[PDB]
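Under our numbering, the sequence shown has 86 at position 78, and the numbering climbs by one with no breaks. By construction, the Cβ of each residue, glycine as well, lies at the ideal position given by its N, Cα and C atoms. As structure tokens, the structure follows; a few thoughts come after it.
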Amino acid sequence: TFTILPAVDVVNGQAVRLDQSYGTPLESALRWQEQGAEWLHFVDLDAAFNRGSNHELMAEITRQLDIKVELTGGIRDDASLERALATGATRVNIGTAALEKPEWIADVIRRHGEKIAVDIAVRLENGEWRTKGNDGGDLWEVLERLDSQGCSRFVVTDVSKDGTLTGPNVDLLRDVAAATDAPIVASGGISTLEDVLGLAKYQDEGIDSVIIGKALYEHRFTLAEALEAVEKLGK
Numbered sequence: 009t010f011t012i013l014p015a016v017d018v019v020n021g022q023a024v025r026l027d028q029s030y031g032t033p034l035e036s037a038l039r040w041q042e043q044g045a046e047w048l049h050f051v052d053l054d055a056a057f058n059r060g061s062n063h064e065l066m067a068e069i070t071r072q073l074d075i076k077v078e079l080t081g082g083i084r085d086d087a088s089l090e091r092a093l094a095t096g097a098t099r100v101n102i103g104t105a106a107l108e109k110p111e112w113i114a115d116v117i118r119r120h121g122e123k124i125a126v127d128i129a130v131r132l133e134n135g136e137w138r139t140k141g142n143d144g145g146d147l148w149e150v151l152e153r154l155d156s157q158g159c160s161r162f163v164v165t166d167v168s169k170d171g172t173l174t175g176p177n178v179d180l181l182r183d184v185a186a187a188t189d190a191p192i193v194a195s196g197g198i199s200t201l202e203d204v205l206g207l208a209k210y211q212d213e214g215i216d217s218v219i220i221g222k223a224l225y226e227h228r229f230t231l232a233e234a235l236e237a238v239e240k241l242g243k
């Protein structure tokens with residue numbers, strides 16, 4: 009957690025307002041940039057659930073603002089990937105489709121390199137970490153294959169932490185960081201400021217980022233607070 013990415017979930021052209029209701033993604037982005045945000049994580053919920061697409065609003069955000077944008081949601085074939093890229097996104101994440109299309113994903117990693125992160129959702133079951141795909145396999149085999157295909161970056165999600173007050177699963181994340189040369193984005197379960205700090209502790213093993221939604225919007229801490237608290241570790 010070197011770097012922190014606030015999450016923005018877009019539907020019908022709108023995102024959750026950081027209060028003190030819903031507004032434009034631009035407003036959200038401006039409100040997050042105010043606070044030291046250098047990267048934003050955007051979810052296109054309409055594309056993720058086949059209801060539509062918000063690509064042109066995304067392209068407006070990258071046009072209007074000079075902020076790095078990670079973009080995810082419904083990226084599953086060449087047509088969706090293109091339209092994701094056409095947005096101006098600094099980086100794009102591919103989830104389930106990556107496990108279900110091993111050759112397609114190698115092919116895209118080959119063409120796009122650092123523009124591609126693979127988002128892996130995992131579930132622990134009967135003592136084994138299984139890619140909660142659509143299944144998708146054993147976590148460790150999946151990682152090795154993806155690593156071998158040149159994947160630059162993974163986004164790892166323990167599918168339980170979404171309930172927020174467990175903590176993120178640091179023992180898994182550290183294991184994943186040790187298993188691949190590709191840097192890791194922790195996602196899912198941020199509850200407290202000290203959760204961010206437990207992660208940043210391990211930035212040198214390869215956990216260099218965290219995505220954070222709820223904890224931020226439910227005012228558990230502020231972004232400026234977390235960015236400085238991670239600075240305080242740096243030194």
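Query                                                                                                                                                                    : Result
Any beta carbon from chain C within less than 9 Å of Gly103's own beta carbon?                                                                                           : Any reference to chain C falls outside this structure, which holds one protein chain only.
Report the three-state DSSP secondary structure of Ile83 (helix, strand or coil).                                                                                        : coil
To the nearest angstrom, how far is it from the Cα of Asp115 to the Cα of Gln28?                                                                                         : 45 Å
For the segment 60-113, list the beta strand (DSSP E) runs that are entirely contained and at least 3 residues long, ordered along the chain.                            : 76-80 and 99-102
Could you give the first and the last residue of the continuous alpha helix (DSSP H) run that contains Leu235?                                                           : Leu231 to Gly242
Below 7 Å CB to CB, which residues in the same chain sit around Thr98 once its five sequence neighbours on both sides are set aside?                                     : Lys76, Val77 and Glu78
Should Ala106 be labelled buried (16 or more other beta-carbon atoms within 10 Å of its own) or exposed?                                                                 : buried
Nearest CA to the CA of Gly44: which residue from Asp189, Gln211, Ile12 and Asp203?                                                                                      : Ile12
Enumerate in chain order the residues of its own chain whose CB-to-CB distance from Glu108 is below 8 Å, with the five nearest sequence positions on each side excluded. : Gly141, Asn142 and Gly144
Does DSSP put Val167 in a helix, in a strand, or in coil?                                                                                                                : coil
Given this structure, state the Cα-to-Cα distance separating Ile215 from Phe162, to the nearest angstrom.                                                                : 10 Å
On the three-pair Cβ rule with 8 Å, is the segment 198-205 touching the segment 148-168?                                                                                 : no
Please name the residue or residues paired with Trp47 in a DSSP beta bridge.                                                                                             : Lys76
Per DSSP, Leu13 is paired with what?                                                                                                                                     : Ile219
Out of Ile69, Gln41, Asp183 and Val16, state which residue places its alpha-carbon closest to the alpha-carbon of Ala232.                                                : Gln41
Sorted by chain position, which residues of the same chain lie with C-beta nearer than 6 Å to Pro191's C-beta, five sequence neighbours on each side aside?              : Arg161, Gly214 and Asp216
Could you check whether the Cβ of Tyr225 sits closer than 8 Å to any heavy atom belonging to the ligand SAM?                                                             : This structure simply doesn't include the ligand SAM, nor any ligand for that matter.
Do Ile220 and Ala87 come within 9 Å of each other at the CB atom, strictly closer than that value?                                                                       : no
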